[PDB]
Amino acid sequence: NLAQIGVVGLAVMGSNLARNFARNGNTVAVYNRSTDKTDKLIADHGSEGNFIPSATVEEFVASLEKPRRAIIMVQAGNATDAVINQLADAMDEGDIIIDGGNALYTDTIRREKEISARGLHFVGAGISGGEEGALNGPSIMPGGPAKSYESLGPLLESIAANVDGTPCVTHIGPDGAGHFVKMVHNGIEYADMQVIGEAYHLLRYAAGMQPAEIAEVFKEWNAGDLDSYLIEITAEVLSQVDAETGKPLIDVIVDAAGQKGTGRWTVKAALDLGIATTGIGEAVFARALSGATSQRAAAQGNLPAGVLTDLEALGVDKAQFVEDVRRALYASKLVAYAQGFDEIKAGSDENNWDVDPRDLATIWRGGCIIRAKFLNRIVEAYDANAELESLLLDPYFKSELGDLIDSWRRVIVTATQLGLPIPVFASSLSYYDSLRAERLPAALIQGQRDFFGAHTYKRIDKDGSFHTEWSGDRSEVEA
């Protein structure tokens, strides 16, 4: 007569999640502040499994088997803190509050401190895949005490996406580690979509291909190493004809990316952690620029292009160019992921989480928009070398870069000569050529700062800080 799991918040995400639990053989307690949403779920979806509805938090908590597991699925921020307090007040020692919402990981850290203190357990659970994932099988990223997973894990494994028998959930780490890895996942999604956008742009405006032909190229690419959900749905979007006009649907869509989106959080965290996420960063900046409606209108046809050429005048074969774009897309995808996994290691180190990157690449293979067989290469890279300094240095990926790099350079040159924007492709190659470099112009920056501000520099041949007496005899002294 008791539920093993409960959901508070029965808007579409929490209702879909409750249904998932119930379809997979769990008894599920459900509560919503407004009872009409609870009544609607029972009325329209009660045949999907065993639900225990409650009108009050006290009734809801009383319906859960100890140790009690309540997932919150409400509005992020103040509304989730309100429900955490209501559950906290009603629960016993050893009970488990789970926020499944899209929390700021710093909110989850603060909540885990306040709730662990109250004698309760707090889990911040990132849930991927949006409404469809919540209903049919998400990737789940729980952070909190490791002993919370003993009672919660088997429940989450019952609803998670399954890939080759492996549920897309495992314990990520303490406190905010789950919401953190979910946030980085969101930023990676932006980069994956932007590198596809850039490939599309070159195939259309350099190779002269219409959307229906580009769809067919993407389906061919999707049979090879790039194989991915995002490339699969890209072909379906490029194939779609607008019934009203007969034009490709993409050609009647307003080309301004929804300014609603959390990819910016990923880049803010990378800026704080000292990680160069050029790929996610340029993908976010590209969405922002697309929305600058009045600036784009004022710019159109008014900035000098310079002398441009075209593939025919360059003597470039269309088939060779299309393959070069594929290889630029793969290289740029690989840089964006290497940077994202750098951000995961930096966040883990900063927060003492011991995040295992193999767990992330494993559970992102199902119920995620970014799912692709590429992720198995990330698992294998870290399996081979738990302390790998960059995904680019994995023996498999490094050997792949050997075959990509000539194409990648040709795409940057060619796009530039045709006046076509390629922000993540170009920025990824400058980042790559920066990691290759023996000496970077940061040495000059250190010298400039010592000149104007006496900020001091380190030396390659001696430990310590040094200063040149710029305003004086320009001798070097110790700082």
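Residue numbers here begin at 1 and follow the sequence given.
The stretch with the higher mean CA B factor, choosing between 132 to 140 and 184 to 192, is 132 to 140. The mean C-alpha temperature factor is higher for 73 to 81 when 346 to 354 and 73 to 81 are set side by side. Between the residues 282, 95, 389, 380, it is 95 that shows the highest Cα B-factor in the PDB record. The entry lists C-alpha B-factors for 38, 417, 430, 446, and the highest of these is at 38. Among the modelled residues of its chain, residue 309 has a C-alpha B-factor that falls in the middle third according to the deposited record. When all modelled residues of the chain are sorted by CA temperature factor, residue 171 is found within the middle third. Among all modelled residues in this chain, the alpha-carbon of residue 324 has a temperature factor (C-alpha) in the lowest third. The deposited CA B-factor of residue 375 belongs to the lowest third of values across its chain. Annotation for residue 228: C-alpha temperature factor in the lowest third relative to the rest of the modelled chain, per the entry.
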